[PDB]
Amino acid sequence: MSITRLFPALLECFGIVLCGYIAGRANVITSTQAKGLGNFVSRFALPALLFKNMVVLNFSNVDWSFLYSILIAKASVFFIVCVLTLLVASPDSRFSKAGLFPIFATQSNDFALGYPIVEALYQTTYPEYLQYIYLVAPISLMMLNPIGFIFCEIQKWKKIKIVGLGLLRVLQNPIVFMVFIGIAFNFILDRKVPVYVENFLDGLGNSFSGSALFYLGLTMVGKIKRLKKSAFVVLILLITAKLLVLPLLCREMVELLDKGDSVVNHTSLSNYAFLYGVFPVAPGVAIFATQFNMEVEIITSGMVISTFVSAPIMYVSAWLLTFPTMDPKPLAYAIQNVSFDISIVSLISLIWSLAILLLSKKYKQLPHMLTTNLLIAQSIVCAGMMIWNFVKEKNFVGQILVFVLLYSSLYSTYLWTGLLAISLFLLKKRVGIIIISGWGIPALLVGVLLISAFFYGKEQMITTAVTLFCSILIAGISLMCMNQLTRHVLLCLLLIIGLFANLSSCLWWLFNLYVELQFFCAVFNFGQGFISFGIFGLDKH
C-alpha cells in the first residue's frame, strides 16, 4: 500500500480546508461570497465529476460485494442511530432527529475529501477502489437519505405523499440525478465521453477537488457553537457512529461478505472499507439541516468537528491497518516516519497556538498562563521528536541530550494536564510552585530514569506509566472537586482520555503488539499539540 502518500494527501486536502478556513475567518471571502463557490462546487464542478466518472465506469469490473458490504454497514448504522434516536429522543423532535442524525452518521464526505485521499492511497496499487467512491456515495444517498427526509416530513406532519416528498428531495439532489444520468449515458455512449465534451467535463471536474475542499473550509468558519451538555453528548455519539462504528462495521461487513480469492486483496479491501468509513460527514447534511432549520447546531458543529477529527483518525487508522502488512525493521522506520509527520503538524499547530497565546497576552492570565506552559512543553516534544529522528543513529551523548529534552518535556505535558485541572480547581474554589512542579519534577524524573520508547525499557515505561497515572489522578480528582474555563475543561478531558489510552498502552506493554502500542503512545505523545491547537489555537483571540 502507498501509505506514505497519505500524509502528503492529508496535508494537501486539509491544507486546502485550512486555506478556506483562513480565508473565511480573515473575511477574504464573506459568508455571502462563499455561496458562489458552494454553488459552483455543488452545481457545476461536482456534477461534472460525477458524470465523467460514471460514464467512464466499467461496471463489469465493479466489486459488488464491496459495494453491498459498505452499503449494508451504512444501512445498519442508519437503523442503529435511527432506532436509538427514536427510543431516546423526546417525542416533540424524535422524528426530525431520527431523520437527520442517521444521515449524519452515514452520509460521508466522499467526493471532496474521500476521492483525493483514495486517489493518493490507491491509484498506484488499487485504482479500481476509486470506482467505489462514485458507486457507494450516490447509491448510499439514494437508499438512506429518503428515509431521513421521510422522517422529517413525518415530524412536520405529526402516506404516499410523504414518501414521494422524501424520494423527490433525493432525486432533486445533483449527486443522485447526475449519477442516474451518468449511468444512462454510460449505456448510451458505451464508456467513451465524446472528446469535445470530455475536456469540458475535465475542466469542471478537475476544478472540483480544490474548490470543494476550500469551500468546506469556508463553511467551517464559526460553526462550532456552544452546545448544551446533552447536545454535546449527542454530538460525540454521532461522530463516534460516523468515525468509529461505521468504519468498524464497514471492515466487518467486507470481511463477512467479500469472498475474493486473494487474501492480500481481501485485506486491502477491508482496510479500504475502514478508511471509507472514516471520511467525515458530508457538508450536504449541514446544508440540509440549515435549509430546513433542523437541529442546526448539532449537525453543523458535528460536520466541522468530524472534518477536523477525521484527519488524525484517517492517518492513525491507515497506519495501524498497514502494520499487519509490514515487517519489524521497516515497521520501526514507519513509526518514526509517522511520528515525524505527527510532530511536524503538531509543531506547526503548536507554534501557532503559542503565537496566539503570547501575542494575545493571554499567557499572563490564569489558566492560560499555565496552559502556555503546556503548549511550550508540547512544542518541546515536537521539536524533540524531529530532533530525535535525526539523532536516533548518532553518538551516545547526543542521544542522551535529546532524550533529556524529549522526556522532560513529555512528562511535563502529563504533569501539566494534571496541573491545569488543579488550576481550574483552584480557580473554581473562591504559580511559581506550579511552574516549578510542571517542569522541574518531570525533568528530575528523567534523572531517576537515567539512574526511543525502550532506550530505558521497562523503567522508561514504568516512569512514563507512573507520570501518566499521577496526571490522571491529579486531573480527575481536581476536575471532580471542581464539580473559557469550559474550553480548558474540554482540553483537560480530551488530554485525560489520551493519558488514559497512553497509561493503559504503556501498562499493557509492561505486561507483554509492542510497536503498535508504542505507536499509539507516540500518537498521543507527539500529536497532543493538535488537540491543544483544536481548542486554543482557533479561538477568537
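Residue numbers here begin at 1 and follow the sequence given. For the two forms, the rigid core is made up of the largest set of C-alpha atoms that agree within 1.5 Å on superposition.
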Revision key, fill the gap. When the rigid core is fixed in 8 other deposited structures of this protein, C-alphas move more for 216-224 or 359-367; answer is 359-367
Review point. Comparing 79-87 with 410-418, which has C-alphas lying farther from the shown form in 8 other deposited structures of this protein once the core is aligned?
Key: 410-418
Check your understanding: Between us, would residue 60 come up missing in a third or more of the other compared entries?
Key -> no
Point to revise | Missing coords for residue 39 in a third or more of other PDB entries | key: no
Practice item. Report, from the record, the number of residues in the deposited sequence between residue 27 and residue 28 that have no coordinates, as none, 1 to 3, 4 to 9, or 10 or more. Key: none
Check your understanding: If you count the residues of the deposited sequence that sit between residue 32 and residue 33 but have no coordinates, do you get none, 1 to 3, 4 to 9, or 10 or more?
Key -> none
